[PDB]
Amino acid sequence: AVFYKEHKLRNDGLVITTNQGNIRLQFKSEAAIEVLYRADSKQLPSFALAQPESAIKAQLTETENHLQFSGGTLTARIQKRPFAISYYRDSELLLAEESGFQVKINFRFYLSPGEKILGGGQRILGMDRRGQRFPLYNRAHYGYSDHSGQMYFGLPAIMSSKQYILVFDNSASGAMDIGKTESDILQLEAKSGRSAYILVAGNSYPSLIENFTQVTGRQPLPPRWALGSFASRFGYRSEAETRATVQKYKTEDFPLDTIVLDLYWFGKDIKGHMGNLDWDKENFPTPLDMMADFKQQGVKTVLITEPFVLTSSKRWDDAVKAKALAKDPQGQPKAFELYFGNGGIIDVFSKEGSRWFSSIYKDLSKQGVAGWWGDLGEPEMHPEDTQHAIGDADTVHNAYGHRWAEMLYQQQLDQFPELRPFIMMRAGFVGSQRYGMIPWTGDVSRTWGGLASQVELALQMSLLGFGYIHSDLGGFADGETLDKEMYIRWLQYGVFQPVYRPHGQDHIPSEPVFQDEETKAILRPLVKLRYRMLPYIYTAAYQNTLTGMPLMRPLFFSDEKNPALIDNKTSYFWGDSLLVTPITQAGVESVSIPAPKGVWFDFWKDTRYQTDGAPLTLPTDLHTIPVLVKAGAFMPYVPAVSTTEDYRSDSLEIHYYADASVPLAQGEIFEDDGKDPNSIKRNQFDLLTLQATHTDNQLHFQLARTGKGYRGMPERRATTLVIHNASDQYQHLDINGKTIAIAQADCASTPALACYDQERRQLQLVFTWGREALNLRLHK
């Protein structure tokens, strides 16, 4: 039984008093509101908000039974008696409190009938998590396959078919009930922590995600090398083995940007060395020479690190002396049993912990380490009586990884202000993307079910802020012999998801260079394709940094008024133009692709398909996976390089997918030096735009470049433009008003500037794209 008593306005923030206490309402933007219950009392700070202490001017109007607090898009309607807040985008009801807040911490809201609810971060439950209840407690799920209620990286957040996102801004051991217990109730619980939620509205899924990333954090553009080929396993045992792997990528002609060193870099055994955080010199005798030798070949070194310092490690005594470890209530260092041994957890919430850990990262980065892998940040084992500077284990648990990322991100920016940190981690919180967190889906089984779950996991994490969510390609856990077909399908899918990092337990090779001739002959041209496609992928990365638009988009983005599409987890968009359907079972001979209505081309074969709603049936082969290109797409390629350190766009090849059904189409290619963290803010980039205008008698391309450029930017790019499904009735090309004849023979066999291949329905234009505007006009 709860009721309104009065309200003030203080710094654009509404402070409401009920019978039970104070509620602080602050607009973080015009479409996002923070609702802090128990506002009177000392709580943990926000973790989800990029700017916790922000509140923009809202308007307040007062009636007899209700207040109205509006930002411009988002309206909080406060019913006085009984006390209940609901949320409106204009006059459309998004979300209404039931009993709202109670006591342990509890929040209760109504679900509308037919409302579909994405969220919870990593679960394998189905895209619509409505009818599910699960804990908010980051925890390992070793060897998962086709089902999980609880994994490495949960998020206390949901996305509704009503186009809101709700964040439970609380770090503690908790739970989410998505109308499981009570078919029309959503309930958020925690054992402790902050009594706060955040509602975000949008007019569309893309503007919802832009609004969400606006207030929770935009991922800084990663270094372009994060889009490259990683050599990884658990684990290279020696410097000799690591050098032999880099050498194997060279001799097998696979692209390689980065080699990842697992826990053998700091000890000879899995158990008992964790916390050493320094080279095992018996097995890595000349690590500085090793990293420098790799850097000469354009190869970066990434080292694993973990929160745990074992009592058996060389750094136990020094960590205890520095007060770097979390304490028991008696005030000693807390020691407990991990799989790896007996040890403590570095307290990243403490000054002493942060400074001690930071110092070690700084020392190893100076030796040549380019990037960082932070594993076990759930934290994997976190006994409930462990004490951090700001709270107990159960209170801070789901933010440990978040703060570890912040600490490491701030540290890397202070050491290398002109470089973009690479931080790969297993667990974080809402907003962790603002610290450049790159998550992976942990210890997936080497099974088809493990592969078949990855699109679901990726989309659930992408939708709520994590564009660079990826899997251990080929699978991680157990198996005794390679499942070749599964491995091949997994590394094909890998080309079309965020981070190309095969990784697995080393009794079976994870790296493609160690596979049989057939496997290499399939994957080598696809790993080259990934590099040739860097202008496509890096542009999707740029859009992610700008608007939070994830690199992987769900099928349901294609039709926002068809909620039945929300359940789809077998087909997704890789950037704007590619609809990818991974093969996630053995011997699949054909697939049914629920392609949105319109025109689509086979990415591999150029075949044109039209549909008015009916799915498309494509045959499958071992050498590819089904990929359709949207009519009106501009697909940009550069020549393949071994390493992004050698990346050049001196030579562009752009494939435009023409169809009269798309009278207007736009593309963009974002180019910068691939390394400057300030390139976007300081406009030190080359943004290429392409516009196609397709009428009955003409096809007109407008090309332009904006931005201030960057050092090494080519003034003039040799451009081959390949027009797919081109009309056979084009006679004449104008380039900037100068008329050129279109050749109709020997296109592949002359230095033709415009040539039509009648057999392939491809019109090839070869020209110079310099700094000035270029118009290409084809006419019948």
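Numbers follow the displayed sequence, beginning with 1.
Missing coordinates between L288 and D289 amount to none of the deposited residues, so the segment is unbroken. Stretches 125 to 133 and 232 to 240 differ in mean C-alpha B factor, with the higher average recorded for 125 to 133. Comparing 297 to 305 with 163 to 171, the stretch with the higher mean C-alpha B-factor in the PDB entry is 163 to 171.
Ranking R501, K191, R426, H402 by the C-alpha B-factor listed in the PDB entry places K191 at the top.
Per the deposited record, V588 carries the highest C-alpha B-factor of all listed residues (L529, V444, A633, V588).
For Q764, the recorded CA temperature factor ranks within the lowest third of the chain's modelled residues.
Per the PDB record, residue ranking by Cα B-factor puts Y538 in the lowest third of the chain. Among the modelled residues of the chain, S727 sits in the middle third by CA temperature factor in this PDB entry. In this PDB entry, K569 carries a Cα temperature factor that places it within the middle third of its chain's modelled residues.
The PDB entry assigns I33 a C-alpha temperature factor belonging to the highest third of its chain's modelled residues.
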